[PDB]
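In what follows, a structure is listed as structure tokens, so that the remarks can point back to it.
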Protein chains: 2
Amino acid sequence: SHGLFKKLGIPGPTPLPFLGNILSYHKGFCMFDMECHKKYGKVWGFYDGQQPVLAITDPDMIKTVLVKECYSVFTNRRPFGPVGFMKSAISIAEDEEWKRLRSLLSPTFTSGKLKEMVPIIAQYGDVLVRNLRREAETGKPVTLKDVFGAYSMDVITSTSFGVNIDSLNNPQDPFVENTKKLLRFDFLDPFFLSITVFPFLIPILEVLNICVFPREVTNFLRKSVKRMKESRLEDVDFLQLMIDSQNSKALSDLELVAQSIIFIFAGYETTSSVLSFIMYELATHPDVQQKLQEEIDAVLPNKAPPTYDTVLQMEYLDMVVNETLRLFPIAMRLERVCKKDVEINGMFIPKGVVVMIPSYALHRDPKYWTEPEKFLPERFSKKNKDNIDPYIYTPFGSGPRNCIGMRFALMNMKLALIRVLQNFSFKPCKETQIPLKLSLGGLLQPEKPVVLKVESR
Amino acid sequence: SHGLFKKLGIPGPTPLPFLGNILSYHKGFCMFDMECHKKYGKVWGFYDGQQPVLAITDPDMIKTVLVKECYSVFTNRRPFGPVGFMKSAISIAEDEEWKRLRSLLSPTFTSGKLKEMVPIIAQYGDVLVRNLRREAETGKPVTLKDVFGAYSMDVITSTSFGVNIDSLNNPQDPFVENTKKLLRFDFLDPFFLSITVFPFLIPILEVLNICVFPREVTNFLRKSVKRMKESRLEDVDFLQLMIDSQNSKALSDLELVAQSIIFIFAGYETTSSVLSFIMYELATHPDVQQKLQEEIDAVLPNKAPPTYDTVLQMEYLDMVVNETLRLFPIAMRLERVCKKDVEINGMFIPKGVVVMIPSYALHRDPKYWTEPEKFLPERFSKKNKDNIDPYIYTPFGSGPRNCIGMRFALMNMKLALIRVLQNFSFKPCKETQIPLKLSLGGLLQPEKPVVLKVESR
Ligand code: HEM
Ligand code: HEM
């Protein structure tokens with residue numbers, strides 16, 4: 001397998017027996033992709049164990065992969081380990097099963113449904129603010145991941161199940177204790193590297209019902225969901241939307257639970273992390289934070305509560321969120337498996353190769369962005385935004401298999417930022433890491449938790 | 001596991017995850033051991049996958065391992081893969097099972113038994129000579145491994161089973177076709193490297209009856225042996241010695257067959273290879289070849305047939321054989337597993353570590369041998385031989401688990417050399433590789449087969 005890119009005349013780091021190139025992950029995924037881009041140019045290939053991965057950076061080729069040939073050739077992501085029934089989660093499902101699930105779930109994420117969820121989201125912005133004020137009146141530095149983590153979970157439990165908890169102050173509530181375990185996978189941890197080198201072990205793990213999603217958590221949520229369903233049946237959240245959908249091919253009961261679980265997984269740590277990065281940037285660029293506070297006060301005088309429509313009115317807020325996601329595209333990479341031999345944009349790609357789009361590297365490419373390391377919201381101004389290629393800037397992916405939750409996530413984050421910035425200004429501590437450094441693990445996160453001073457307005 | 005030698009303050013090449021140091025075998029075992037000895041000194045540690053291996057070179061420590069603490073601590077070699085019933089072969093057996101087998105088999109290899117086998121061995125020296133003469137009368141270069149391979153097999157089939165074949169001229173005889181498959185393992189081949197990196201797969205292979213000894217061969221020999229046994233029962237070879245032994249704890253029928261098979265394995269390619277190296281050295285040092293021919297003619301005038309006692313009379317023959325085995329110790333390394341935490345000669349060795357004695361590296365160590373790359377039989381002269389440390393010079397190992405076949409092998413080789421040198425002189429071709437280069441694989445063998453001109457005396 002390790003002779004593939006050599007045979008195709010594609011450059012890339014020379015692989016080692018068994019390992020491929022995984023030893024080059026010692027400084028994390030993003031540094032690897034940046035260094036490869038710099039060394040090899042527009043396309044390169046490497047090996048995750050024995051799995052060939054072809055990295056592409058030409059926006060035309062990216063469009064072909066993510067959009068034009070999504071259904072025919074590049075439909076699925078790569079398998080990553082033993083998943084049991086979570087096989088049915090839309091992010092893991094393949095081919096026609098995926099296409100069916102995306103159809104069934106698409107109406108659930110429309111703006112019309114989002115707009116109806118906003119009062120629920122807004123409520124926990126109030127909770128977030130009350131909790132923040134408690135920490136602002138006692139001038140103690142605040143750990144963002146903790147406070148935005150609780151916010152993220154509060155929005156999840158209410159908008160997905162109508163479970164209303166102040167999780168920051170109720171950490172040992174059984175529901176919170178279980179859902180909080182649905183964190184992102186670290187694909188550079190020993191287990192996932194071992195599976196990468198020994199992928200032939202995954203069926204053995206599956207037959208023994210060993211799953212990368214914690215069984216006690218999925219068991220808890222399966223029986224919780226069944227309780228909720230039959231209390232509702234009979235006598236605004238994602239559960240009810242899905243319950244209504246299978247009220248017709250329609251969603252299996254097991255499929256329903258898989259989606260409830262994956263939505264938590266998809267939105268919990270992702271939202272929290274992006275909010276922490278945004279607040280870090282605002283704290284370290286006071287002028288941006290002030291300008292944003294000025295916009296919010298203009299659109300919503302007298303600390304008026306945010307609404308769906310007023311959120312969409314805030315252009316500078318949009319610019320700040322988009323520029324943070326340029327710097328910190330937490331997915332790092334996008335991937336699709338090539339399901340058949342194809343030739344796209346003049347290049348032959350063999351069946352079975354994983355095609356990868358290195359979002360982080362492209363987001364920080366000097367050839368596409370002036371001073372790419374700098375936080376500059378004007379990049380996304382109404383004037384400049386037309387000049388941004390949607391296949392270079394891909395924090396939510398692109399095409400039919402992009403982030404189905406993108407509108408919700410953006411609304412969720414913006415509602416939080418508005419409420420928080422109406423009430424507080426955030427400033428650096430001396431224990432604030434400046435400049436922020438990224439972890440060298442398999443997740444895009446700060447090396448040390450972001451800690452900030454919170455001051456009442 | 002990879003932090004062990006670091007923790008003990010023992011030097012050695014820094015291992016890679018999963019692989020340990022096996023990528024350093026790319027130029028073979030012997031080059032690796034030479035380079036480590038040079039770089040790290042008297043002791044060093046490395047990792048075969050996750051298995052720690054401690055290399056030692058102090059003759060006092062070597063004596064402790066191979067002799068003093070053989071029974072208590074360093075009894076067994078390391079496991080190497082799926083072996084099925086060949087588990088019972090004496091070279092593979094462990095602990096009390098080994099100790100029992102060595103006891104049962106020891107009387108079989110006494111000089112008294114050897115002396116009785118010599119007329120049988122001698123017969124195939126005559127066959128070897130007749131076959132060589134056929135190739136000498138038609139001045140075609142001879143490939144040593146082919147001619148000494150056939151000799152080695154002829155001696156094996158007759159001295160182990162009383163099966164009398166001219167294998168050179170009967171290659172498609174079913175017995176020869178099967179026994180010829182019992183070649184030495186190449187532990188650097190893809191299968192054995194894979195097992196080294198994935199040793200957790202060996203039990204899976206065992207439960208499926210996948211064995212590194214070819215099943216069709218062992219099946220053939222098992223049923224051949226059973227035929228022979230019951231033709232002999234009722235109505236001088238190793239089989240009869242073993243048959244007599246179980247005529248008493250006594251050797252199982254399955255144990256008996258395991259030994260018959262392992263003796264072929266142990267003696268077939270080993271004898272052939274050493275004979276080829278010796279003839280290479282004689283051909284490239286005509287003065288040595290002549291002196292040896294002079295000794296043989298003195299001891300056995302008029303091409304007198306060699307006998308057990310006249311062979312032992314030939315001191316220069318002994319020197320030539322011993323010096324070739326110094327240059328080419330085909331086992332390369334000796335190994336023992338440490339079965340309990342011990343401290344020997346001031347050094348702590350943890351349970352489970354493989355202790356390795358790098359025979360090849362010590363045989364070519366400039367600090368023990370003047371001009372170690374040169375073929376100099378006088379090293380082993382009656383005068384100089386006292387100065388040779390038996391823990392530095394170890395072509396047949398040392399101690400209670402040394403080569404049980406050593407006397408036989410030496411007699412076998414000497415009888416062949418005598419008969420051959422009485423009749424022929426061996427000279428280089430232009431297709432003779434000079435200087436000889438060694439293979440970079442996992443076996444100590446010439447890079448290209450040794451080919452020589454054979455001239456009738
Ligand atoms: C700031 C927060 C988030 C970011 C940055 C983000 C980013 C992404 C990215 C990059 C992908 C891969 C798209 C591709 O491969 O082209 C993805 C997929 C997905 N995301 Fe999000 N996401 C976020 C929040 C959410 C939320 C709140 C949900 C709620 C349901 C969600 C649900 C999903 C699902 C289900 C997929 C797989 C879609 C499919 O395979 O059909 N994500 N997300
Ligand atoms: C020139 C030819 C040969 C050489 C260089 C050679 C070398 C060796 C070496 C280095 C060992 C390991 C000793 C140790 O670990 O200390 C060994 C073991 C052994 N050899 Fe030989 N050998 C040769 C021929 C033979 C022959 C003809 C036989 C016939 C039976 C034989 C049978 C064995 C057996 C059974 C063992 C394992 C002993 C035990 O574990 O108790 N070898 N040999």
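Both counts, for ligands and for their atoms, begin at 1 and track the order of listing. Keep in mind that the numbers below use all heavy atoms, side chains included, and drop hydrogens, waters and symmetry copies. Letters A, B, ... are given to chains in the order of the sequence lines, protein chains preceding strands, and every chain is numbered from 1.
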message = One thing to verify: whether A/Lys113 and A/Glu116 come together as a salt bridge, which I'm taking to mean a side-chain N less than 4.0 angstrom from a carboxylate O.
response = no
message = Salt bridge or not between A/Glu94 and A/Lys339? Use side-chain N to carboxylate O under 4.0 Å.
response = no
If you measure from each non-hydrogen atom of [X] to ligand 2, which part falls under 4.0 Å: side chain, backbone, both or neither?
X        : answer
B/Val274 : side chain
B/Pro329 : neither
B/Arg102 : side chain

With a cutoff of 4.0 Å, is [X] in contact with ligand 2, counting heavy atoms of the residue only?
X        : result
B/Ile262 : no
B/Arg77  : yes
B/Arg336 : yes
B/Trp98  : yes

Going by atom type alone, with no hydrogens or angles, which donor-acceptor pairs under 3.5 Å involve a side-chain atom of residues 62-70 of chain A and a protein atom two or more places apart or on another chain?
unit_1	atom_1	unit_2	atom_2	d
A/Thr64	OG1	A/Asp60	O	3.1
A/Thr64	OG1	A/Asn345	OD1	2.9
A/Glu69	OE1	A/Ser72	OG	2.5

ask   = What are the two closest non-hydrogen atoms of B/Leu144 and B/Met279, and how far apart are they?
value = CD1-CB, 3.5 Å
task = For ligand 1, indicate whether the residue A/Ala93 contacts it via side chain, backbone, both or neither (heavy-atom separation under 4.0 Å).
result =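 Answer for A/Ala93: neither.
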Min N/O separation A/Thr271 to ligand 1 under 3.5 Å = no
key: Listed protein N/O/S atoms, distance to atom 21 (Fe) of ligand 2 under 2.8 Å   = B/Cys403 SG
request  = For A/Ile330, counting its heavy atoms only, list the atoms of ligand 1 lying under 4.0 Å from any of them.
outcome  =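 Answer for ligand 1: 5 (C).
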message = A/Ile156 and side chain to side chain contact (heavy atoms under 4.5 Å, CB included): which single residue from A/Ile264, A/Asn412, A/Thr271 fits?
response = A/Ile264
message = side-chain contact (heavy atoms from CB on, under 4.5 Å) for A/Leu362 and A/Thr394? Distances and angles first, verdict last.
response = CA-CA 9 Å; A/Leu362 288 168; A/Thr394 56; 6.0 Å; no
request  = Could you check whether the rings of B/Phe238 and B/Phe109 sit parallel, tilted or perpendicular, using 30° and 60° as the cut-offs?
outcome  =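 The rings of B/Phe238 and B/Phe109 sit tilted, inter-plane angle from 30° to 60°.
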query = In terms of residue, atom name and distance, what is the protein heavy atom nearest to atom 7 (C) of ligand 2?
reply = B/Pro395 O, 3.6 Å
